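Visitor: just the structure for this:
(chains A, B, C and D)
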Amino acid sequence: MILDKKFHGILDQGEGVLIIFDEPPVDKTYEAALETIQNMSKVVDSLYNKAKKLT
Amino acid sequence: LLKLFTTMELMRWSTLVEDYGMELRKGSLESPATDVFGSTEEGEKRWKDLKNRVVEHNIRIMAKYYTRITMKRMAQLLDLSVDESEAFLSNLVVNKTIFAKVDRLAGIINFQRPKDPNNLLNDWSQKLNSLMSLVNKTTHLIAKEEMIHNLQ
Amino acid sequence: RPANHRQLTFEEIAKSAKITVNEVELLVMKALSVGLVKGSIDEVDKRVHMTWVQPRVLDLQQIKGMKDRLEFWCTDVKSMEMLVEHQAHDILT
Amino acid sequence: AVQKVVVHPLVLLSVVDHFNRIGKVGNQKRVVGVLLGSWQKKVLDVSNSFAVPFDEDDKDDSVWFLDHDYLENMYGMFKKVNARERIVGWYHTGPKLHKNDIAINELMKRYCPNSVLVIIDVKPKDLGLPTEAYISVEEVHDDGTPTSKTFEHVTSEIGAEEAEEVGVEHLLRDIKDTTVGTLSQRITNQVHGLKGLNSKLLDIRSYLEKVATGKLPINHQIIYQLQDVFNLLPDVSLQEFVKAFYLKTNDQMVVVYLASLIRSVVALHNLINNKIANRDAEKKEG
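Guide: Residues are numbered from 1 along each chain as shown, chains lettered A, B, ... in the order given. Sure, structure below:
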């Protein structure tokens, strides 16, 4: 059920220690990574227009 | 009633044992104590759930203070077994103890020290501390600056 | 001690109050019950952390130390103002 | 009772008129003006005011000259032309609070309701806010001193409702609006250290002077709260706030990626037009 991600937790065999944690700011790295991936096409297309007009 | 009002200091119930005993003995006032103990089981439920109710209520009072009373030592000062303290925790899981921290190795519990998001908790504390120092510093500074004007 | 590891332990309380280690919890519990202190200690091993408190009588070493730390804060804010404003006024204005 | 007040700049420009109609006589004393406002609502709102001939004595401070007929006639005609505003209090232009102000304010405490007091400066050289609302209420003191009139500082704000913003903005033509961004922020971040430096440096010198050379109790009781709040920040070791520096510095990294990426997007039209315009204008020029 942790592999199913229904709640926050992780098991243990050697020590049996239970740890519960969460990561609230999920909407930052998604929007940032999408801006990087979308801007890659912008810079590459710019290099296509300049590479087309120069050579 | 004053001991049950607020700020319940951790005291021994043995002092209340003779108080309840004389409460059953004296007939000048609160006479129907034998009527409280009329039924063979109802009075026992009122007494066991009474001492249980105050031994949970004092936990709810000391839970506001973050002093880390170290309930492992508290179980030694109260002279009771840790098993019925685990049953008391079984009363806390229905008493909304979800805001707590336990330990696998030791037995000390923590009613504080959350994950502490710095954007909410330390944000709030720094806001009230810094701003309170700013406006509180602002009031008595010029207020005293007006208090010294009368010396001329 | 206003600064420099304000954190302390119950040894000074039990030593100054000639009381046992079993009653220091009731002592700090009464101290929090009166309402003159708000200290909450997150310790594991026995420690004494305190918070806001009022002298209410007098302190001359805290008047002189108040002038020392106060003048230090003032000259540090002045030093940061001259430092940042020195080149900041010349490059931004 | 009253948490904050609202003072329009019209009364302070009427103090500019107090400094205009002097006539170069050589007195320039604390001319007392009759402050007007709206005491109905919990917040105080000054709309306009007027003045009354006020003259004191050189040596004796207890001399004060007011007028009841002029107050009832100016207030009667002002109420006849505008009945939405009534008497509230007064104000003096003197920078120092004299002892006679309890007797001057006592008249408008008897005849008028609880009057608010405002101390301003004759010369606009003070960088701080010139208006300080001082409520005239009697407070019980813990030391046992007899109950007397106490002037507690009430916070004040200088705002205009509809027209005075337009008139001030048109008459100045030099001040700038909010204008969030580089200049309005960096100016505050540059001069703010002087804005606190002149206040604190201007206060703690006479404060430290009155520490050793002080008598006539200055309410030393509040000094314990002063140094207490000053000692409520005992140079935190910053151990717990490290992760907060990681959060604010991570937002700094977000601003880095936004600046670099967005500016890299802005470089498109420039680094394209610079070529397609120059080479085509050059190849088609002749």
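
Visitor: tell me if residue B:27 really is in a strand.
Guide: No - applying DSSP: H, G, I helix; E, B strand; the rest coil, one finds residue B:27 to be coil, outside a strand.

Visitor: ok, it to residue B:34 distance?
Guide: Residue B:27 sits 10 Å away from residue B:34, going by C-beta to C-beta, to the nearest Å. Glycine gets a C-beta too; all of them are placed from N, C-alpha and C.

Visitor: helices or strands up against whatever helix or strand residue B:124 lives in?
Guide: Element membership of residue B:124 [criterion: DSSP states H and E] is helix B:121-147. The contact analysis (3 or more C-beta pairs under 8 Å, 6 or more residues apart in numbering or on different chains; DSSP states H and E) places helix B:121-147 against strand D:149-158, helix D:183-212, helix D:221-230.

Visitor: go again using 6 Å as the cut-off
Guide: Counting contacts by 3 or more C-beta pairs under 6 Å, 6 or more residues apart in numbering or on different chains; DSSP states H and E, helix B:121-147 packs against helix D:221-230.

Visitor: just the buried positions in the helix it packs on, please.
Guide: Buried residues in helix D:221-230, defined by neighbour count with 16 or more other C-beta atoms under 10 Å in any protein chain shown: D:223, D:224, D:226, D:227, D:228, D:229, D:230.

Visitor: next one: stretch B:126-142
Guide: Those would be B:136, B:139, B:140, B:141, B:142, for stretch B:126-142 by 16+ other C-beta under 10 Å.

Visitor: helix/strand/coil for the residue in chain C that chain A sits nearest to?
Guide: Going by C-beta to the nearest C-beta, chain A is nearest to residue C:44 of chain C, at 17.1 Å. Here residue C:44 takes the coil state, with states given by three-state DSSP.

Visitor: for it, what are phi and psi?
Guide: phi -110, psi -60 (degrees, to the nearest 10).

Visitor: re the thing from before, what subset of the buried residues of helix D:221-230 is also close to chain B?
Guide: D:226, D:229 (C-beta under 6 Å from any C-beta of the partner chain).

Visitor: for the buried residues of helix D:221-230, which one is nearest chain A?
Guide: residue D:229 (33.6 Å).

Visitor: tell me how far the closest one lies from chain C.
Guide: To chain C, residue D:229 is 9 Å away according to C-beta to the nearest C-beta, to the nearest Å.

Visitor: contact partners for that residue?
Guide: B:133, B:136 (C-beta atoms under 6 Å, 6 or more residues apart in numbering or on different chains).

Visitor: what do you get if the cut-off is 7 Å, keeping everything else the same?
Guide: Shown in contact with residue D:229 (C-beta atoms under 7 Å, 6 or more residues apart in numbering or on different chains): B:133, B:136, B:137.

Visitor: quick check: chain neighbours aside, which residue is closest to residue C:19?
Guide: residue C:27 (6.7 Å; C-beta to C-beta, 6 or more residues apart in numbering or on different chains).

Visitor: element containing the one you found, please.
Guide: Here residue C:27, judged by DSSP H and E, is contained in helix C:24-34.

Visitor: residues in contact with that helix?
Guide: Counting by C-beta under 7 Å, 6+ apart, B:7, B:9, B:10, B:65, B:67, B:69, C:10, C:13, C:14, C:19, C:37 sit against helix C:24-34.

Visitor: repeat the analysis, applying 10 Å as the threshold.
Guide: B:6-11, B:61-62, B:64-65, B:67-70, B:73-74, B:77, C:10-11, C:13-14, C:17, C:19, C:23, C:37-41, C:46, C:48, C:50 (C-beta atoms under 10 Å, 6 or more residues apart in numbering or on different chains).

Visitor: among the residues you listed, name the buried ones.
Guide: By 16+ other C-beta under 10 Å, these give B:8, B:61-62, B:65, B:67-70, B:74, B:77, C:10, C:13-14, C:39-41, C:46, C:48, C:50 as buried.

Visitor: next, the residue of chain B found nearest chain C: phi, psi?
Guide: Closest residue of chain B to chain C, C-beta to the nearest C-beta: residue B:66 (3.6 Å). Main-chain dihedrals, residue B:66, degrees, to the nearest 10: phi -90, psi 30.

Visitor: quick revisit: quick check: the gap between the residue of chain C closest to chain A and residue D:243.
Guide: Taking C-beta to C-beta, one finds residue C:44 at 21 Å from residue D:243.

Visitor: thinking again about what came up before, so which of the buried ones among the contacts of helix C:24-34 sit within helices?
Guide: In helices, judged by DSSP state H, the following of the buried ones among the contacts of helix C:24-34 are found: B:61, B:62, B:74, B:77, C:10, C:13, C:14.

Visitor: residue contacts, the second one?
Guide: Under the criterion of C-beta under 10 Å, 6+ apart, the contact partners of residue B:62 comprise B:7, B:8, B:9, B:10, B:69, B:71, B:74, B:111, C:25, C:29, C:32.

Visitor: just the closest of those residues to chain A, please.
Guide: residue B:111 (16.4 Å).

Visitor: check which helix or strand the closest residue to chain B within the stretch 151-286 of chain D maps to.
Guide: Closest to chain B within the stretch 151-286 of chain D is residue D:244: 3.8 Å, counting by C-beta to the nearest C-beta. Element membership of residue D:244, judged by DSSP H and E, is helix D:242-283.

Visitor: what about that helix, near chain A?
Guide: Yes - judged by C-beta under 10 Å from any C-beta of the partner chain, helix D:242-283 and chain A are in contact via D:247, D:250-251, D:253-254, D:257-258, D:260-262, D:264-265, D:267-269, D:271-272, D:274-276, D:279-280.

Visitor: nearest residue to the middle of chain B?
Guide: Nearest to the geometric centre of chain B sits residue B:61, at 1.4 Å (C-alpha atoms, centre = their mean).

Visitor: gap between that one and residue B:84?
Guide: 19 Å.

Visitor: one more: residue D:196?
Guide: From residue D:196 to residue B:84 the distance is 59 Å (C-beta to C-beta).

Visitor: with residue B:116 instead?
Guide: Distance of residue B:116 to residue B:84, given as C-beta to C-beta: 33 Å.

Visitor: again, but for residue B:99
Guide: For residue B:99, the distance to residue B:84 equals 23 Å [C-beta to C-beta].

Visitor: next one: residue D:138
Guide: 59 Å.

Visitor: if we can go back for a sec, show me what counts as buried in the helix holding residue C:27.
Guide: Neighbour-count burial for helix C:24-34 [16+ other C-beta under 10 Å]: C:24, C:25, C:28, C:29, C:32.

Visitor: restricting to C-alpha, output stretch D:264-278 in PDB.
Guide: In PDB, the C-alpha atoms belonging to stretch D:264-278 read as follows (Å, rounded to 0.1, in the frame of the first residue of the first chain):
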ATOM      1  CA  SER D 264      16.600  34.300 -23.000                       C
ATOM      2  CA  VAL D 265      13.100  34.400 -24.600                       C
ATOM      3  CA  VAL D 266      13.400  38.200 -25.000                       C
ATOM      4  CA  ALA D 267      16.700  37.700 -26.800                       C
ATOM      5  CA  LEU D 268      14.800  36.100 -29.700                       C
ATOM      6  CA  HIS D 269      13.400  39.100 -31.400                       C
ATOM      7  CA  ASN D 270      16.500  41.200 -30.800                       C
ATOM      8  CA  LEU D 271      19.000  38.500 -31.900                       C
ATOM      9  CA  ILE D 272      16.900  37.800 -35.000                       C
ATOM     10  CA  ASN D 273      15.900  41.300 -36.200                       C
ATOM     11  CA  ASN D 274      19.600  42.300 -35.700                       C
ATOM     12  CA  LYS D 275      20.500  39.900 -38.500                       C
ATOM     13  CA  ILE D 276      17.500  39.800 -40.800                       C
ATOM     14  CA  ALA D 277      17.100  43.600 -40.800                       C
ATOM     15  CA  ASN D 278      20.800  44.600 -41.200                       C
END
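
Visitor: right, I'll leave it there.
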